[PDB]
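Undergrad: Pasting a structure below so you can have a look.
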Amino acid sequence: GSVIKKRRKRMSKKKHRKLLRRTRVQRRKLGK
RNA sequence: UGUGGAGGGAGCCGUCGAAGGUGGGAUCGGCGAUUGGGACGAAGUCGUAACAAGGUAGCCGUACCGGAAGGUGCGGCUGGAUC
């Protein structure tokens, strides 16, 4: 088993997560 | 025998009636000032996060935080090394 794969996975996950932290307001108070 | 009679038609009325209109909706596309992140880039800036115990072992899930890689906490795994 390697960890390169899991790391690329992890990075995509993290960037999407931080994007959601930054847009937690706009998503809610836009898409109603 | 007579403008007689059935009877029929014209004509008219009603049912159904396409197209035309009104109506608020569905669905499908396009545009959209601005805003995202995605790929590639020549060559550059910021750092050293990772690979050897990568110099704080990494990694999974989650929460918080941070200029950025990332850091810390709780639990877990070895796909973790020496003795």
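Each chain in the structure tokens gets a letter, A, B, ..., in the order shown, and its residues are numbered from 1; ligands are numbered from 1 in order too.
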Select all residues from chain A having any atom no more than 12 Å from an atom of chain B (counting only C-alpha atoms (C1' of nucleotides), ignoring ligands), output as a ChimeraX atom specification.
TA: /A:1-12,14-16,18-23,26
Undergrad: For the residues selected in the previous step, produce a file with N, CA, C and O atoms as a JSON list (two decimals), in the first residue's frame.
TA:
[["chain", "number", "residue", "atom", "x", "y", "z"],
["A", 1, "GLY", "N", 0.80, -1.21, 0.00],
["A", 1, "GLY", "CA", 0.00, 0.00, 0.00],
["A", 1, "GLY", "C", 0.84, 1.26, 0.00],
["A", 1, "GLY", "O", 1.88, 1.31, 0.65],
["A", 2, "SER", "N", 0.38, 2.27, -0.74],
["A", 2, "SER", "CA", 1.02, 3.57, -0.75],
["A", 2, "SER", "C", 0.12, 4.61, -0.09],
["A", 2, "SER", "O", -0.98, 4.31, 0.38],
["A", 3, "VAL", "N", 0.61, 5.84, -0.07],
["A", 3, "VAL", "CA", -0.05, 6.95, 0.60],
["A", 3, "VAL", "C", -0.14, 8.17, -0.32],
["A", 3, "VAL", "O", -0.85, 9.13, -0.01],
["A", 4, "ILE", "N", 0.57, 8.14, -1.45],
["A", 4, "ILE", "CA", 0.43, 9.18, -2.47],
["A", 4, "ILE", "C", -1.03, 9.36, -2.86],
["A", 4, "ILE", "O", -1.55, 10.48, -2.93],
["A", 5, "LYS", "N", -1.70, 8.24, -3.13],
["A", 5, "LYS", "CA", -3.09, 8.26, -3.55],
["A", 5, "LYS", "C", -3.96, 8.93, -2.50],
["A", 5, "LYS", "O", -4.70, 9.88, -2.79],
["A", 6, "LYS", "N", -3.85, 8.45, -1.26],
["A", 6, "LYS", "CA", -4.62, 9.01, -0.16],
["A", 6, "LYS", "C", -4.31, 10.48, 0.05],
["A", 6, "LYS", "O", -5.17, 11.24, 0.47],
["A", 7, "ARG", "N", -3.09, 10.90, -0.28],
["A", 7, "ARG", "CA", -2.73, 12.29, -0.08],
["A", 7, "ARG", "C", -3.41, 13.19, -1.09],
["A", 7, "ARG", "O", -3.87, 14.28, -0.76],
["A", 8, "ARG", "N", -3.41, 12.77, -2.35],
["A", 8, "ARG", "CA", -4.11, 13.54, -3.37],
["A", 8, "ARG", "C", -5.59, 13.66, -3.02],
["A", 8, "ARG", "O", -6.18, 14.76, -3.10],
["A", 9, "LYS", "N", -6.19, 12.54, -2.63],
["A", 9, "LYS", "CA", -7.55, 12.55, -2.08],
["A", 9, "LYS", "C", -7.69, 13.58, -0.96],
["A", 9, "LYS", "O", -8.62, 14.40, -0.97],
["A", 10, "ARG", "N", -6.77, 13.55, 0.00],
["A", 10, "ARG", "CA", -6.83, 14.42, 1.16],
["A", 10, "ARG", "C", -6.77, 15.88, 0.76],
["A", 10, "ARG", "O", -7.47, 16.72, 1.33],
["A", 11, "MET", "N", -5.93, 16.21, -0.21],
["A", 11, "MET", "CA", -5.79, 17.60, -0.61],
["A", 11, "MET", "C", -7.06, 18.10, -1.25],
["A", 11, "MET", "O", -7.52, 19.21, -0.95],
["A", 12, "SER", "N", -7.66, 17.31, -2.14],
["A", 12, "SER", "CA", -8.91, 17.75, -2.75],
["A", 12, "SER", "C", -9.98, 17.96, -1.69],
["A", 12, "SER", "O", -10.68, 18.98, -1.68],
["A", 14, "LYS", "N", -9.57, 18.66, 1.49],
["A", 14, "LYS", "CA", -9.28, 19.83, 2.31],
["A", 14, "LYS", "C", -9.63, 21.12, 1.60],
["A", 14, "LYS", "O", -10.18, 22.05, 2.21],
["A", 15, "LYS", "N", -9.27, 21.23, 0.32],
["A", 15, "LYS", "CA", -9.54, 22.48, -0.37],
["A", 15, "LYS", "C", -11.03, 22.71, -0.51],
["A", 15, "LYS", "O", -11.52, 23.83, -0.30],
["A", 16, "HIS", "N", -11.79, 21.65, -0.80],
["A", 16, "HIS", "CA", -13.24, 21.80, -0.86],
["A", 16, "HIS", "C", -13.80, 22.18, 0.50],
["A", 16, "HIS", "O", -14.70, 23.03, 0.60],
["A", 18, "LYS", "N", -12.30, 23.87, 2.98],
["A", 18, "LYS", "CA", -12.02, 25.26, 3.32],
["A", 18, "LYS", "C", -12.89, 26.19, 2.49],
["A", 18, "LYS", "O", -13.35, 27.23, 2.98],
["A", 19, "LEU", "N", -13.12, 25.83, 1.23],
["A", 19, "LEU", "CA", -14.05, 26.59, 0.41],
["A", 19, "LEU", "C", -15.43, 26.65, 1.06],
["A", 19, "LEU", "O", -16.08, 27.70, 1.08],
["A", 20, "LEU", "N", -15.88, 25.53, 1.62],
["A", 20, "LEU", "CA", -17.18, 25.54, 2.26],
["A", 20, "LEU", "C", -17.16, 26.36, 3.53],
["A", 20, "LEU", "O", -18.16, 26.99, 3.87],
["A", 21, "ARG", "N", -16.04, 26.37, 4.25],
["A", 21, "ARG", "CA", -15.96, 27.22, 5.43],
["A", 21, "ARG", "C", -16.08, 28.68, 5.04],
["A", 21, "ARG", "O", -16.68, 29.49, 5.77],
["A", 22, "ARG", "N", -15.53, 29.04, 3.88],
["A", 22, "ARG", "CA", -15.56, 30.43, 3.46],
["A", 22, "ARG", "C", -16.88, 30.82, 2.83],
["A", 22, "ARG", "O", -17.20, 32.02, 2.79],
["A", 23, "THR", "N", -17.65, 29.86, 2.32],
["A", 23, "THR", "CA", -18.92, 30.14, 1.65],
["A", 23, "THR", "C", -20.12, 29.60, 2.43],
["A", 23, "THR", "O", -21.24, 29.54, 1.90],
["A", 26, "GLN", "N", -22.77, 32.47, 2.25],
["A", 26, "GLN", "CA", -23.38, 32.76, 0.96],
["A", 26, "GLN", "C", -24.24, 31.61, 0.47],
["A", 26, "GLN", "O", -25.32, 31.85, -0.06]]
Undergrad: Write out as a list in words the residues lying within 12 Å of residue B:71, counting only C-alpha atoms (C1' of nucleotides) and excluding same-chain residues fewer than 5 positions away.
TA: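 After dropping sequence-adjacent residues, the list is residues 49, 56, 64, 65 and 66 of chain B.
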Undergrad: Have a look at atom CA of residue A:27 and atom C1' of residue B:35 and let me know their distance in Å, one decimal.
TA: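 Taking atom CA of residue A:27 as the start and atom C1' of residue B:35 as the end point, the length is 12.7 Å.
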Undergrad: Taking only C-alpha atoms (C1' of nucleotides) into account, which of B:68, B:26, B:63, B:6 comes nearest residue B:46?
TA: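 Of the candidates, the smallest distance to residue B:46 is held by B:68.
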Undergrad: Would you mind listing what lies within 12 Å of residue B:48 as a PDB file with C-alpha atoms (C1' of nucleotides), in the first residue's frame, with only C-alpha atoms (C1' of nucleotides) counted and same-chain residues fewer than 5 positions away left out?
TA:
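The resulting file, result.pdb, is shown below:
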ATOM      1  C1'   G B  54      12.323  13.686   6.348  1.00  0.00           C
ATOM      2  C1'   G B  55      14.203  15.895  11.231  1.00  0.00           C
ATOM      3  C1'   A B  68       0.129  28.925   2.493  1.00  0.00           C
ATOM      4  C1'   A B  69       1.599  24.152   2.452  1.00  0.00           C
ATOM      5  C1'   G B  70      -0.373  22.704   7.486  1.00  0.00           C
TER       6        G B  70
END
Undergrad: Give the helix (DSSP H, G or I) residues of chain A, as assigned by DSSP on the backbone, as a tab-separated table (two decimals) with N, CA and C atoms, in the first residue's frame.
TA:
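The resulting file, part_31.tsv, is shown below:
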chain	number	residue	atom	x	y	z
A	4	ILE	N	0.57	8.14	-1.45
A	4	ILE	CA	0.43	9.18	-2.47
A	4	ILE	C	-1.03	9.36	-2.86
A	5	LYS	N	-1.70	8.24	-3.13
A	5	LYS	CA	-3.09	8.26	-3.55
A	5	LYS	C	-3.96	8.93	-2.50
A	6	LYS	N	-3.85	8.45	-1.26
A	6	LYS	CA	-4.62	9.01	-0.16
A	6	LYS	C	-4.31	10.48	0.05
A	7	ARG	N	-3.09	10.90	-0.28
A	7	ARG	CA	-2.73	12.29	-0.08
A	7	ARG	C	-3.41	13.19	-1.09
A	8	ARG	N	-3.41	12.77	-2.35
A	8	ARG	CA	-4.11	13.54	-3.37
A	8	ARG	C	-5.59	13.66	-3.02
A	9	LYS	N	-6.19	12.54	-2.63
A	9	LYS	CA	-7.55	12.55	-2.08
A	9	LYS	C	-7.69	13.58	-0.96
A	10	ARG	N	-6.77	13.55	0.00
A	10	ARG	CA	-6.83	14.42	1.16
A	10	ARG	C	-6.77	15.88	0.76
A	11	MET	N	-5.93	16.21	-0.21
A	11	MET	CA	-5.79	17.60	-0.61
A	11	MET	C	-7.06	18.10	-1.25
A	12	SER	N	-7.66	17.31	-2.14
A	12	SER	CA	-8.91	17.75	-2.75
A	12	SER	C	-9.98	17.96	-1.69
A	13	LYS	N	-10.10	16.99	-0.78
A	13	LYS	CA	-11.03	17.09	0.33
A	13	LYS	C	-10.82	18.37	1.13
A	14	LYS	N	-9.57	18.66	1.49
A	14	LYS	CA	-9.28	19.83	2.31
A	14	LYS	C	-9.63	21.12	1.60
A	15	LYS	N	-9.27	21.23	0.32
A	15	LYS	CA	-9.54	22.48	-0.37
A	15	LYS	C	-11.03	22.71	-0.51
A	16	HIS	N	-11.79	21.65	-0.80
A	16	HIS	CA	-13.24	21.80	-0.86
A	16	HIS	C	-13.80	22.18	0.50
A	17	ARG	N	-13.25	21.60	1.56
A	17	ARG	CA	-13.71	21.89	2.91
A	17	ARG	C	-13.49	23.35	3.26
A	18	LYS	N	-12.30	23.87	2.98
A	18	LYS	CA	-12.02	25.26	3.32
A	18	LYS	C	-12.89	26.19	2.49
A	19	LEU	N	-13.12	25.83	1.23
A	19	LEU	CA	-14.05	26.59	0.41
A	19	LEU	C	-15.43	26.65	1.06
A	20	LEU	N	-15.88	25.53	1.62
A	20	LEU	CA	-17.18	25.54	2.26
A	20	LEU	C	-17.16	26.36	3.53
A	21	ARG	N	-16.04	26.37	4.25
A	21	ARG	CA	-15.96	27.22	5.43
A	21	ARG	C	-16.08	28.68	5.04
A	22	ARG	N	-15.53	29.04	3.88
A	22	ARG	CA	-15.56	30.43	3.46
A	22	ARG	C	-16.88	30.82	2.83
A	23	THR	N	-17.65	29.86	2.32
A	23	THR	CA	-18.92	30.14	1.65
A	23	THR	C	-20.12	29.60	2.43
A	24	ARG	N	-19.91	29.21	3.69
A	24	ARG	CA	-21.00	28.76	4.56
A	24	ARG	C	-22.10	29.79	4.67
A	25	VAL	N	-21.77	31.06	4.51
A	25	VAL	CA	-22.75	32.12	4.63
A	25	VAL	C	-23.52	32.29	3.33
A	26	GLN	N	-22.77	32.47	2.25
A	26	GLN	CA	-23.38	32.76	0.96
A	26	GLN	C	-24.24	31.61	0.47
A	27	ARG	N	-23.80	30.36	0.66
A	27	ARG	CA	-24.62	29.24	0.20
A	27	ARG	C	-25.97	29.24	0.89
A	28	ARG	N	-25.98	29.37	2.22
A	28	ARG	CA	-27.23	29.36	2.96
A	28	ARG	C	-28.11	30.52	2.55
